[PDB]
Colleague: 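Attaching a single structure in structure tokens format; questions to follow.
Lettering of chains follows the sequences in order, A, B, ..., and the numbering in each one begins at 1. Note: hydrogens, waters and symmetry copies are ignored here, and every other heavy atom, side chains too, is used. Atoms within a ligand are numbered from 1 in the order they appear, just like the ligands themselves.
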Amino acid sequence: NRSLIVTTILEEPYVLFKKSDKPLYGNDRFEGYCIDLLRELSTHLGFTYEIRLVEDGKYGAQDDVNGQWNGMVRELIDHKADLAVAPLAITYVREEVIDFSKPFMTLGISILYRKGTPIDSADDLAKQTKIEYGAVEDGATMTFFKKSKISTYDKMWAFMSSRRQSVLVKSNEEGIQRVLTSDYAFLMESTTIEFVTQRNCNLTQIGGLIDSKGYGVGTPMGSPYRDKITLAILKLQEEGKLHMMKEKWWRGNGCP
Amino acid sequence: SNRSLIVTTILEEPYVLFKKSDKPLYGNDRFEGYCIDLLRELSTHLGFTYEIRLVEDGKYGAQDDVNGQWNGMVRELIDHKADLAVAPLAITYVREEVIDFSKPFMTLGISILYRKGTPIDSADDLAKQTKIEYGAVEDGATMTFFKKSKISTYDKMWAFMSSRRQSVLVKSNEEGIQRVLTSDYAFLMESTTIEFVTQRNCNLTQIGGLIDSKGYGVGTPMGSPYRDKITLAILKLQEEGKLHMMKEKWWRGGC
Ligand SMILES: N[C@@H](CCC(=O)O)C(=O)O
Ligand SMILES: N[C@@H](CCC(=O)O)C(=O)O
Ligand SMILES: [Cl-]
Ligand code: NA
Ligand code: NA
Ligand code: NA
């Protein structure tokens with residue numbers, strides 16, 4: 001049968017290009033948690049697939065003026081991909097336009113910053129401007145702040161929006177580099193913060209989780225794959241396989 | 001006017017309780033708790049009226065392996081005896097095969113409730129001994145997790161629970177807590193419930209971490225159009241901070 005087209009995005013340790021000396025081709029180019037997940041889904045559901053990086057490099061947000069979506073969300077809306085297998089947050093505005101499986105991982109927005117400071121919460125950032133802060137442009141964290149009616153988060157959005165050319169970044173990688181090279185705190189998903197702080201011993205999570213959400217496999221609205229992938233995810237979780245996959249991709253040396 | 005939806009639920013503090021009062025209470029007015037607040041929010045967002053009915057057999061729901069029949073709130077949905085189940089109802093593979101669920105409104109896992117002051121640190125420590133008995137709610141998701149598990153520790157625990165089931169499987173979380181307090185017994189319990197119980201009884205503790213991960217969702221019959229509408233409403237409530245506020249309201253109180 002026809003191979004499914006799977007849109008994804010580079011994001012360690014979910015999706016990475018494998019390191020090698022020989023050139024790699026096709027699906028063999030990729031590894032990571034989400035790649036292992038895709039392989040398990042493919043064997044459980046009995047499909048073959050072709051992995052394609054989303055061409056615009058975005059997760060997906062709606063443009064407030066013209067109403068168009070971008071990123072992996074737009075690929076699904078336009079039926080250019082059958083699945084999005086990535087650390088793609090299940091959100092209200094996305095669920096209105098695409099379908100998602102039930103979550104394979106649960107997480108929330110938090111703060112990545114340097115250690116040793118009196119900053120302990122989002123409120124501490126919101127009430128000042130000397131320490132800049134931001135988020136990935138056109139992702140779920142940005143959209144959370146843009147939409148929020150909560151005073152602290154609305155204030156933070158006004159700051160980020162004013163300073164967006166400097167403080168909104170194109171990837172988590174760029175946000176980490178800003179934390180490491182300037183006085184800057186990055187609003188980042190907690191699963192990713194866990195990965196980063198175990199490898200950057202001068203960095204830490206500040207405060208707890210600001211919200212709660214899951215990552216799910218995206219499908220076009222109405223796809224028959226959505227409910228089948230939910231069932232496969234529930235089976236992999238119950239059997240302990242998702243936990244093993246998390247340990248594989250997050251485990252490492254650590255910090256004193 | 002549209003037919004009111006029949007909502008099946010189960011008594012379980014602080015999700016669903018009878019209100020305390022001296023005058024008698026009637027109809028929906030009898031009930032309070034996190035899930036009742038959730039139901040009220042869903043009804044205003046989606047535009048329905050409802051009648052709350054406690055599940056007749058007092059069970060969450062499991063399948064009988066001899067005759068294939070389900071029980072509990074799961075069976076009420078399969079048979080279209082309820083439109084919705086709004087309860088701490090775990091989303092599980094075996095249930096998702098037969099009913100539909102919204103996306104989760106809370107995330108949790110199985111853990112262990114026991115008395116303080118013990119070297120027992122995990123399910124592995126329990127499984128390797130038989131002096132301390134252990135069990136779970138009969139015909140709920142925790143029992144079914146053990147019954148289905150191929151993981152050696154958990155399959156050893158199921159063998160023990162099954163052997164001793166008339167004594168160690170209980171009808172409700174409340175009966176499990178009473179067994180922990182009145183005998184040498186550890187209860188396999190969902191973590192959000194452990195959090196509630198241990199903040200109010202300072203002689204009790206959680207043992208170990210979470211053995212698994214799952215969510216609670218609103219149940220619907222398979223194919224219901226309410227499932228995806230309720231998912232959207234839950235996502236909106238989460239993002240606005242209302243689910244967090246509801247958790248704080250119903251779990252607030254310390255040791
Ligand atoms: N995982 C996010 C991108 C990263 C973020 O927004 O923090 C998304 O699905 O949009
Ligand atoms: N919440 C459970 C019942 C309690 C338990 O199994 O621990 C269920 O949905 O079956
Ligand atoms: Cl769903
Ligand atoms: Na990328
Ligand atoms: Na949807
Ligand atoms: Na289902």
Colleague: Pull out every atom of ligand 1 sitting under 4.0 Å from any heavy atom of A:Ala140, numbered as shown with elements.
Modeller: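 In order of numbering, the contacting atoms are 6 (O), 8 (C), 10 (O).
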
Colleague: Which atoms of ligand 1 are found less than 4.0 Å from any heavy atom of A:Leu88?
Modeller: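 Per the distance check, 9 (O).
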
Colleague: With heavy atoms of A:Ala89 as the reference, note each atom of ligand 1 found under 4.0 Å away.
Modeller: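 Counting atoms of ligand 1 from 1, those under 4.0 Å from A:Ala89 are 9 (O).
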
Colleague: Mark yes or no: B:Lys229 above the aromatic ring of B:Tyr226, with NZ or CZ under 6.0 Å from the six-membered ring centre and no more than 45 degrees from the axis.
Modeller: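 Yes, a cation-pi geometry holds between B:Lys229 and B:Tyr226.
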
Colleague: Could you tell me if any non-hydrogen atom of A:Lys58 lies under 4.0 Å from any atom of ligand 1?
Modeller: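 Not so, A:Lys58 does not reach ligand 1.
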
Colleague: On a heavy-atom basis, which atom in A:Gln198 and which in A:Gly252 lie closest, and how many Å separate them?
Modeller: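 So the minimum-distance heavy-atom pair works out to NE2-O, 3.0 Å.
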
Colleague: Is the NZ or CZ atom of A:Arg178 positioned over A:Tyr184's six-membered ring, under 6.0 angstrom from the centre and within 45° of the axis?
Modeller: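 Ring-cation test returns yes.
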
Colleague: What about A:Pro87: any of its N or O atoms under 3.5 Å from an N or O on ligand 1?
Modeller: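 Yes, A:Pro87 has an N/O under 3.5 Å of an N/O on ligand 1.
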
Colleague: Which protein heavy atom lies closest to atom 2 (C) of ligand 1, and at what distance to 0.1 Å?
Modeller: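 Result for atom 2 (C) of ligand 1: A:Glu189 OE2, 3.3 Å.
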
Colleague: Is there a polar contact between ligand 1 and A:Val136, counting only N or O atoms under 3.5 Å apart?
Modeller: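 Min N/O separation from ligand 1 is not below 3.5 Å for A:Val136.
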
Colleague: Would you say A:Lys170 reaches the Na ion (ligand 4) with an N/O/S atom under 3.0 Å?
Modeller: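 Coordinating: no.
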
Colleague: Taking the six-membered ring of A:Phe195 as reference, does the cationic atom of A:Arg199 (NZ for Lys, CZ for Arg) lie under 6.0 Å from its centre and within 45° of its axis?
Modeller: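 Yes, a cation-pi geometry holds between A:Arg199 and A:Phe195.
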
Colleague: Quick one: look up the protein heavy atom nearest atom 6 (O) of ligand 1 and list residue, atom name and how far away it is.
Modeller: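 Among all protein heavy atoms, the one nearest atom 6 (O) of ligand 1 is A:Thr141 N, 3.0 Å.
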
Colleague: Parallel, tilted or perpendicular: which one describes the rings of A:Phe159 and A:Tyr133, with boundaries at 30° and 60°?
Modeller: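 Rings of A:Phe159 and A:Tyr133: parallel, as their planes differ by under 30°.
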
Colleague: Would A:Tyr59 count as a polar contact of ligand 1, with the cut-off being nitrogen or oxygen pairs under 3.5 Å?
Modeller: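 Among all N and O atoms of A:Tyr59, none is under 3.5 Å from an N or O of ligand 1.
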
